[PDB]
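# Results of the structural survey
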Amino acid sequence: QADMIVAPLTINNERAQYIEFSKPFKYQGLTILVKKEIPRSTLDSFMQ
Amino acid sequence: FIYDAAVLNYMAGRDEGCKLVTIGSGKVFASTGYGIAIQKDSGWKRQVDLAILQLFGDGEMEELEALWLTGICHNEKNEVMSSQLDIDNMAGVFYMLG
């Protein structure tokens with residue numbers, strides 16, 4: 001149903017035994033995304 | 001000094017006193033990796049490629065980097081080890097009087 005794939009598609013061992021990739025057009029890796037914390041502030045009166 | 005990014009990173013990370021740093025904090029401008037130059041139209045190319053891609057899955061490439069390509073200088077940290085005020089640094093104060 002398709003002749004080529006134009007999308008972000010990582011290359012690994014399982015996919016390379018059936019289809020053929022090319023030279024990567026983007027070098028990257030894996031990372032973790034987490035939610036930031038509230039910076040907050042503690043300064044109200046000079047009696048601190 | 002303009003050279004390849006896989007060597008200049010290692011030299012900066014293995015230099016005493018942290019007196020050499022890389023512009024852009026590890027910035028590249030023509031991304032092309034290494035490789036093995038097999039003879040053209042060889043029969044070993046497909047078997048070698050599947051072997052290299054296998055090492056990534058098992059995590060056997062990061063261990064090699066940790067064993068060989070590890071440095072000690074923390075050039076990533078930007079905390080400058082103190083500074084000395086000079087005329088150019090202390091220029092606004094005088095021009096306030098100006």
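Per the PDB entry, the recorded name for chain B is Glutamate receptor ionotropic, NMDA 2B, and the organism is Homo sapiens.

Looking up chain A in the PDB entry gives the name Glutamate receptor ionotropic, NMDA 1, with the organism given as Homo sapiens.

Residues and elements named next belong to chain B. When you line up the elements, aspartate 15 lands in the loop between α1 (5-13) and α2 (45-58). Among buried charged residues, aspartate 15 stands out as having no salt bridge; its nearest opposite-charge side chain is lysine 19, 8.5 Å away. Not counting residues up to four positions away in its chain, the partners in contact with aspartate 15 are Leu20 and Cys73.

Counting from both sides, the interface comprises six residues of chain A and, opposite them, seven residues of chain B. Across the chain A/chain B interface, buried area totals approximately 520 Å², and carbon plus sulfur atoms make up 53% of it. A per-residue breakdown of the area chain A buries against chain B is headed by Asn13(A), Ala16(A) and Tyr27(A), which together make up 69% of the total. Applying the counting criterion to the chain A and chain B interface returns two residue pairs in polar contact. Of the residues that constitute the side of chain A that touches chain B, the class distribution is three nonpolar, three polar and no charged.

Definitions and cut-offs
Residues numbered from 1 in each chain as written, not as in the entry; some residues may be left out. Chains lettered and ligands numbered in written order. Part of a larger assembly, values for the part shown. Heavy atoms only, no water. Residues with missing side-chain atoms left out of burial classes, pairs and counts. Helix = DSSP H or I, 4+ residues; strand = E, 2+ residues; numbered from the N terminus. Buried < 20%, exposed > 50% of the residue type's maximum accessible area, 1.4 Å probe, protein only. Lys, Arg positive; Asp, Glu negative; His and termini not counted. Salt bridge = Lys/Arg side-chain N within 4 Å of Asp/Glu carboxyl O. Contact = heavy atoms within 4.5 Å. Buried area = accessible area lost by both parts, 1.4 Å probe. Polar contact = N/O pair within 3.5 Å; in protein donor to acceptor, adjacent residues only side chain to side chain. Nonpolar A, V, L, I, M, F, W, Y, C, P; charged D, E, K, R; others polar.

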